[PDB]
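Residues per chain, in single letters:
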Amino acid sequence: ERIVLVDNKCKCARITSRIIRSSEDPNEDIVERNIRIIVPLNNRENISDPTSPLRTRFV
Amino acid sequence: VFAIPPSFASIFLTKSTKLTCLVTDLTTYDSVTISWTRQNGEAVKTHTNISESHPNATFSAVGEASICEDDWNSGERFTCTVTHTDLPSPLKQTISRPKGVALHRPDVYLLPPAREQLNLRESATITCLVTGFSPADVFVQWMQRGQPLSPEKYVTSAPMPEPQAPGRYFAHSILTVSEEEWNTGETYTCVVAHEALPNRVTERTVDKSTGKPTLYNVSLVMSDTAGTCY
Amino acid sequence: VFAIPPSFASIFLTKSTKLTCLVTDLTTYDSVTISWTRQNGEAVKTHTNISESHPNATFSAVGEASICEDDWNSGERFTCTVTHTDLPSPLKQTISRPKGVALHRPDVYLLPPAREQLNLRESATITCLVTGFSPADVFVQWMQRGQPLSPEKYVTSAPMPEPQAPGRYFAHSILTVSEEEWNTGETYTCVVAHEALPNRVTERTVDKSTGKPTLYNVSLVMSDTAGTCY
Amino acid sequence: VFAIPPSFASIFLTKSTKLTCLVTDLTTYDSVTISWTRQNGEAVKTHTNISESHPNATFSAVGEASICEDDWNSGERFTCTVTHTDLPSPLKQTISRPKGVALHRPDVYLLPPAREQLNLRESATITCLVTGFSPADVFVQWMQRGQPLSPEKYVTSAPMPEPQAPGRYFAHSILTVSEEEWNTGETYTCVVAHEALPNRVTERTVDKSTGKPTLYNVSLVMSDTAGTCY
Amino acid sequence: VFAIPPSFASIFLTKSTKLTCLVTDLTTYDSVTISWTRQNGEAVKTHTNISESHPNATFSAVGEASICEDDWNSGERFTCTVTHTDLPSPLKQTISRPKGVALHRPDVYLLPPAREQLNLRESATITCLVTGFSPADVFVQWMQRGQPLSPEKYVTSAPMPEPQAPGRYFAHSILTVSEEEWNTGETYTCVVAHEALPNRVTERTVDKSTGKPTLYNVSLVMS
Ligand SMILES: *[C@@H]1O[C@H](CO)[C@@H](O[C@@H]2O[C@H](CO)[C@@H](O)[C@H](O)[C@H]2NC(C)=O)[C@H](O)[C@H]1NC(C)=O
Ligand SMILES: *[C@@H]1O[C@H](CO)[C@@H](O)[C@H](O)[C@H]1NC(C)=O
Ligand SMILES: *[C@@H]1O[C@H](CO)[C@@H](O)[C@H](O)[C@H]1NC(C)=O
Ligand SMILES: *[C@@H]1O[C@H](CO)[C@@H](O)[C@H](O)[C@H]1NC(C)=O
Ligand SMILES: *[C@@H]1O[C@H](CO)[C@@H](O)[C@H](O)[C@H]1NC(C)=O
């Protein structure tokens, strides 16, 4: 039931949202936001230029 | 007396430019003149397209003239002459397109129903905040799962000027849905049509799963050998 | 003489039920004997500061009878007694609080501004959603920190019929504020004046942080040993 | 006389402004001429259900007399000239609103119950710390989701002088409620009735989820060869 | 006459079971004919602290008697027993502490100042919420870092009846401090003195630190 909110394969961020059916009353069901971000430790700042310096800041 | 113009709601939803003035039943008259006369003077013919059905209902009719040319979009001094022998003063009304109004695109915000409102478990009011549009006329329709919702489900306000903005307007659209629909996560889409929009229609959608989250769980997997995403 | 009755918003801003028999539909003429008389058979001190002559098919003498809240809601059929040359009889229009209206309290919900509005960083629109109230007499005013904002800063729509409910009404009132003011965190109270409220005033409040904690569950996974698979 | 002017609890709770002309320790004899007057000498509505012939042989008469809000707010000093056989001199009551009092707004803070009392699992005492009102007349009322609670559930301290401000006063109002209600979370609003408030009601509410802040739990998974995939 | 009683607020502040006499609303001549006594007549001490004549034609013959708690809690009846020139007949008091009342310990809770007041930045009010004490005596004095604050700064309400408990009482005492003083982290310890306490003093501490919950819940995972 993980609906795919984004599936960005260029920054590797995947965001998925679900309503966790936690309790009997229909209000406190938590809207859960699953940000899954893969940080390439060795990819350069410009991926298409392999001589570019190492990407350190990942915003 | 009234002469309702074709707004951008009548222009876009129906794709038919209908000049309409409503003659309320002040007094019963046989030859009711709802002749839609141009500034040029030719009259596109209309007569009793639908009865008014007012509480008095004494020979009252609505005349809708389909001046559908570019002459309305360019602009002309269109006049329907409500001239009657009974109450012998002619109670006519003139309407023209408003000229040279600056065009700013609406910033459309979809507000989910309040946490206070869902605790009542009775109804949920979704608010479509169409604001920032400087041409006055706007068309707002709600859709759920790609099907147009009934116009009795939602009620949209008349555009009123935004307070801090000089001439930009704002409008609401309150969709009153039951709480069991919104808590199950049903997408309610706000389709809004305006002249200043680039594609002429903006669709904001809201539902419980997007909403505002109450538990972000983030996992910044810092892997050395990521390279390409998988 | 069309006497405009004192609306609840008018008697709430002034705290004095000043009912006005403004001389409408009667042109400028002599023989001014305007008096507001109570239905018991007496009259009070009436019409302080009547205006001058404006013969635009009307006049400008105003009723300014400072009767009380316990006087207006008592059901006393107040009649103004304007006489003029066109009609030498007191035009005793019956003005009183109607008892046929149902009395259902507003359910006032105060939706915070959308996250896009703060993301655009020029304006935030806090919308007060006064819904589910049966008499169409609501006065909405906003206070920042207990003192009222100016009426130019907020705009309140007219009470419109709630479509699913039979005779209940709804009304929405936005207040457009700067994004930097909302990010500091202020109370931004919406005060709703209505007859059917238990104390005639309800007040709702949204700060910058008005929801749940939204607890974060961040996980810096800083190895390839626990790196994910596809 | 045992009479009192209307303090700001019975004028506000009953919505109607009532005086008193109660007397005590007089002789149950002829000429019971209480003589309800105004400053202008006009007679207000007479006494209903006089408490005469007490079991302790004292004369009394409950001054049930309905008057407006404005005449008690204004400069009218309502004289109640009580004249009897044993006292032919009138026992005049110059009961009115005192003037010269500086109107200072209450700064109401709703203090949630302490963590130790919530850990006792028995009761929760929630405090309406009403402070800074210079006319020492507050009527605090506690409402749960718009429904006012019973006055047996909440008790309020009398208005006591403020420690570091001479003209201001303060008051409390604990609402002792069960802790199983507080863990669920209800609004528990406390309205305060004071003259200096712009709308005469300030409503402050607190439930369990107000002071709960954004509770991050970080999980630095820096080395874990368990084969898991995030 | 009004025989003023030794209350626990009056005893604990002066560390002496001091009882005064109050014979006011009388002719304001300066003649002293009062000796403080017991019912047996053995509590004989000075009739001092007679103030000046009140402007509304009344006298202020007060006097002061001090004895220990043992006799005051032993149930002995005490009498001022006035015999004055303007009194046609002598009066009697027979004053003692009402025994048989149940003793329930105060459960004092230090409610910190609300976030609405701290955002105002003008002042901060800390309330020592004393609840559940069945004898209607309390002595809520405030001390920070061991030194007692001035009685002008803190104000304690009278012990009101509890809304839901039948015979218990509650009291409410606030301490007005500046907002910058609360951010420094001063202790503001509330001291309550009531007889039902097992030790007769309870001190609770309220800081900026005790209100803040665990914001961060870092979970270091290895192997
Ligand atoms: C990233 O690297 C690529 C490859 O070096 C850059 O693309 C070249 O850029 C130069 C200068 O702008 C052009 O003359 C070439 O024609 C480009 N080649 C291709 C195949 O695109 C690119 O500009 C770099 N981007 C950044 C932001 O540095
Ligand atoms: C968020 O929590 C769920 C458990 O409901 C878990 O399966 C998921 O992996 C978490 N999200 C991320 C990005 O790790
Ligand atoms: C987030 O919390 C869920 C439970 O709500 C848990 O299953 C998951 O492992 C957490 N995510 C982490 C630790 O990354
Ligand atoms: C973080 O918090 C959630 C719920 O608050 C919990 O389920 C999860 O196990 C926590 N993370 C870790 C690593 O324990
Ligand atoms: C973090 O807090 C949650 C509850 O808020 C708790 O269940 C969890 O055990 C905590 N994390 C750790 C590592 O103890």
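Positions along each chain are numbered from 1 by the written sequence. They may not match the entry numbering, and residues without coordinates are not shown. Naming scheme: in the order in which they are written, chains are lettered from A and ligands are numbered from 1. Values throughout refer to the chains shown here, themselves only part of a larger assembly. Side-chain measures were taken over the full set of non-hydrogen atoms in the model, leaving aside hydrogen atoms and water.

- This entry lists cryo-EM as its structure determination method and reports a resolution of 3.39 Å.

1. Let's talk about the overall build of chain B
Item 1. Counting from the N terminus, the helices are DSSP H or I runs at least four residues long and the strands are E runs at least two residues long. The secondary structure content of chain B amounts to four helices and 18 strands.
Item 2. Computation of the radius of gyration draws on C-alpha atoms, with the globule rule given as 2.2 Å multiplied by the number of residues to the power 0.38. Radius of gyration (C-alpha) of chain B: 24 Å, far over the 17 Å computed for a compact globule of 230 residues.
Item 3. Seen through its principal axes, chain B has C-alpha atoms that stretch 85 × 40 × 35 Å.
Item 4. Burial classes: relative accessible area under 20% of the type maximum marks a residue as buried, over 50% as exposed, and values in between as partly exposed (1.4 Å probe, protein chains only). Looking at chain B as a whole, 46% of its 230 residues qualify as buried.
Item 5. Pairs at least 24 residues apart make up 61% of the contacts formed inside chain B by residues separated by at least 6 positions.
Item 6. Note on areas: these come from Shrake-Rupley sampling with a 1.4 Å probe, and a residue is covered only by the protein chains present in the view. In the form shown here, chain B has an accessible surface area of approximately 11200 Å², with 53% of it arising from carbon and sulfur atoms.
Item 7. Residues scored as positive are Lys and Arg, those scored as negative are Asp and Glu, and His as well as the terminal groups of each chain are ignored. Charge placement uses NZ in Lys and CZ in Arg. For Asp and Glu, CG and CD serve respectively. One way to put it: in chain B the 18 positive side-chain charges average out to a point 5 Å from where the 24 negative ones average out. Contacts: residue pairs with any heavy atoms within 4.5 Å of one another.

2. Description of the nonpolar core
Item 1. We call a set of buried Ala, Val, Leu, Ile, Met, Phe, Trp, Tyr and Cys residues a nonpolar core when their side-chain atoms join them within 4.5 Å. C128(C), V130(C), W142(C) and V192(C) are the most contacted members of the largest nonpolar core, which totals 38 residues.
Item 2. Elements with a contribution of two residues or more to this core: α1 (8-14), β5 (107-111), β6 (124-133), β7 (139-143), β10 (169-177) and β11 (189-193) of chain C together with α1 (10-13) and β13 (189-193) of chain D.
Item 3. Ranked by residues supplied to this core, first place goes to β6(C) with five residues.

3. Examining the interface of chain B and chain C
Item 1. On the side of chain C, 44 residues touch chain B, which itself brings 42 residues to the contact.
Item 2. Defined here as a combined quantity, buried area equals the accessible surface (1.4 Å probe) lost by two parts on assembly, summed across both. Of the roughly 3700 Å² buried between chain B and chain C on both sides combined, carbon and sulfur atoms contribute 63%.
Item 3. Summed over the three residues of chain B that lose the most area to chain C, namely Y109(B), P163(B) and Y216(B), the buried surface amounts to 15% of that side.
Item 4. Between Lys or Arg on one side and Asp or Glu on the other, a salt bridge is scored when a side-chain nitrogen of the former is within 4 Å of a carboxyl oxygen of the latter. Our count for the chain B to chain C interface comes out at one salt bridge.
Item 5. Across the salt bridge formed by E116(B) and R204(C), the nearest N and O atoms sit 3.2 Å from each other.

4. Points about the site of ligand 2
Item 1. Close to ligand 2 lie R2(A), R18(A), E32(A), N34(A), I35(A), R36(A), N217(B) and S219(B), which account for all nearby residues.
Item 2. Here, proximity means that at least one heavy atom of the residue falls within 4 Å of the molecule or strand. Ligand 2 sits at the junction of chains A and B, each of which supplies nearby residues.
Item 3. Throughout this description, a polar contact denotes any pair of N or O atoms lying within 3.5 Å of each other; where both atoms belong to protein, one of them has to be capable of donating a hydrogen while the other can accept it, and for residues adjacent in sequence the pair is counted only when both atoms sit in side chains. Here an oxygen atom of ligand 2 and a side-chain polar atom of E32(A) are 3.1 Å apart.
Item 4. For ligand 2, the protein covers 66% of the area, taking 360 Å² as the surface of the free molecule.
Item 5. Contributions of two or more residues to the shell around ligand 2 are made by β3 (31-40) of chain A together with β18 (215-223) of chain B.

5. Topic: the site of ligand 1
Residue and element names in this part refer to chain A.
Item 1. Close to ligand 1 lie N46, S48 and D49, which account for all nearby residues.
Item 2. Contact distances for ligand 1 include 2.3 Å between an oxygen atom and a side-chain N or O atom of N46.
Item 3. In isolation ligand 1 has 580 Å² of accessible area, and contact with the protein removes 17% of it.

6. Quick word on the UniProt feature "disulfide bond" in chain B
All names here are of chain B.
Item 1. Of the UniProt disulfides, the one joining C21 and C80 is satisfied here, as the sulfur distance of 2.0 Å falls under 2.5 Å. Note that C21 is positioned in strand β1 (residues 19-23) and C80 in strand β6 (residues 79-81), a separation of 59 residues in sequence. Accessibility assignment for this pair places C21 and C80 in one class, buried.
Item 2. Look at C128 and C190: UniProt has them disulfide-bonded, and their sulfurs are 2.0 Å apart, which fits a closed bridge. Of this pair, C128 sits in strand β9 (residues 124-133) while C190 sits in strand β16 (residues 188-193), and the two are 62 residues apart along the sequence.
Item 3. We classify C128 as buried; its relative accessible area is 0%.
Item 4. By relative accessible area, which is 0% here, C190 ends up buried. Disulfides are defined as pairs of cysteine sulfur atoms found within 2.5 Å of each other. UniProt positions are given in the numbering used here, feature names are shortened, and annotations may be inferred rather than shown by experiment.

7. Some points on empty space enclosed by the protein
Residues and elements named next belong to chain D.
Item 1. With a 1 Å grid spanning the protein atoms alone, the term cavity applies to any set of points in which a 1.4 Å probe fits but cannot get out, the term pocket to an open set with protein on both sides within 12 Å along at least five of seven lines, and the term lining residue to any residue with an atom within 4 Å of a point. Grid points are joined across faces, edges and corners, and a volume is the space filled by probe spheres set on the points. Inspection of the entire model under this criterion finds four cavities of 30 Å³ or more.
Item 2. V23, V32, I34, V82 and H84 are, among the 13 residues lining the largest cavity, the residues nearest its centre.
Item 3. For this classification, the nonpolar set comprises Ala, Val, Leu, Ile, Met, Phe, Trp, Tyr, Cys and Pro, the charged set comprises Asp, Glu, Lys and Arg, and every other residue, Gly included, is treated as polar. Broken down by class, the residue content of the lining of the largest cavity amounts to eight nonpolar, five polar and no charged.

8. Considering the environment of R204(D)
Item 1. Within the secondary structure, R204(D) sits in strand β14 (residues 201-204).
Item 2. For the pair formed by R204(D) and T156(D), sequence separation is 48 residues and the distance between their alpha carbons is 16 Å.
Item 3. The residues touching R204(D), leaving out its near neighbours within four places in the chain, are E203(C), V108(D), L110(D), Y188(D), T189(D) and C190(D).
Item 4. There is a polar contact of 2.5 Å between the side chain of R204(D) and the backbone oxygen of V108(D).

9. Things to note about the side chain of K208(B)
Item 1. Residue position: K208(B) is located in the loop between β17 (201-206) and β18.
Item 2. Only 3.2 Å separates the side chain of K208(B) from the side chain of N183(B), close enough to count as a polar contact.
Item 3. Residues in contact with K208(B), not counting those within four places in the same chain, are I19(A), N27(A), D29(A), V31(A), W182(B), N183(B) and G185(B).

10. Some words on the UniProt feature "disulfide bond" in chain E
All names here are of chain E.
Item 1. With sulfur atoms 2.0 Å apart, the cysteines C21 and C80 match their UniProt disulfide annotation in this structure. Of the two residues, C21 is situated in strand β3 (residues 21-22) and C80 in the loop between α2 (69-73) and β5 (107-111); the sequence distance between them amounts to 59 residues. Side by side, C21 and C80 carry an identical accessibility label, which is buried.
Item 2. UniProt's annotated cystine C128-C190 is reproduced in these coordinates, with an S-S distance of 2.0 Å, under 2.5 Å. You can see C128 sitting in strand β6 (residues 124-133) and its partner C190 sitting in strand β12 (residues 189-192), a full 62 residues away along the chain.
Item 3. For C128, a relative accessible area of 0% gives the class buried.
Item 4. Residue classification places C190 among the buried positions, given a relative accessible area of 0%.

11. What about the sheet that holds strand β3 (residues 43-44) of chain B?
What holds strands together in a sheet is hydrogen bonding between their backbones, with the strands either parallel or antiparallel.
Item 1. Strand order across the open sheet formed by four strands is β3-β2-β6-β7 (chain B), with antiparallel pairing between neighbours. Two strands close off the open sheet at either side, each with one partner strand: β3 and β7 (93-94) of chain B. Think of it this way: DSSP has to see at least two bridges between two strands before they count as a pair.

12. Here's the deal with the sheet that holds strand β8 (residues 147-148) of chain D
Residue and element names in this part refer to chain D.
Item 1. Overall, antiparallel pairing links the four strands, which are arranged β8-β7-β13-β14 in an open sheet. Sheet topology places β8 and β14 at the edges, where each strand pairs with a single neighbour.
Item 2. Examined bridge by bridge, strand β7 (residues 141-144) and β8 share two bridges and lie antiparallel to one another. Paired with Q144 across the two strands is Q147, which belongs to β8.

13. A look at the pattern of salt bridges
Item 1. Applying the stated criterion across every chain, the model contains 23 salt bridges over all chains.
Item 2. Across the pair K9(A) and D7(A) runs a salt bridge whose closest N-O atoms are separated by 3.5 Å.
Item 3. Taking relative accessible area as the criterion, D7(A) reaches 37% and is therefore assigned partly exposed.
Item 4. Among the charged side chains, a salt-bridge network with shared partners connects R38(B), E42(B), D71(B) and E76(B).

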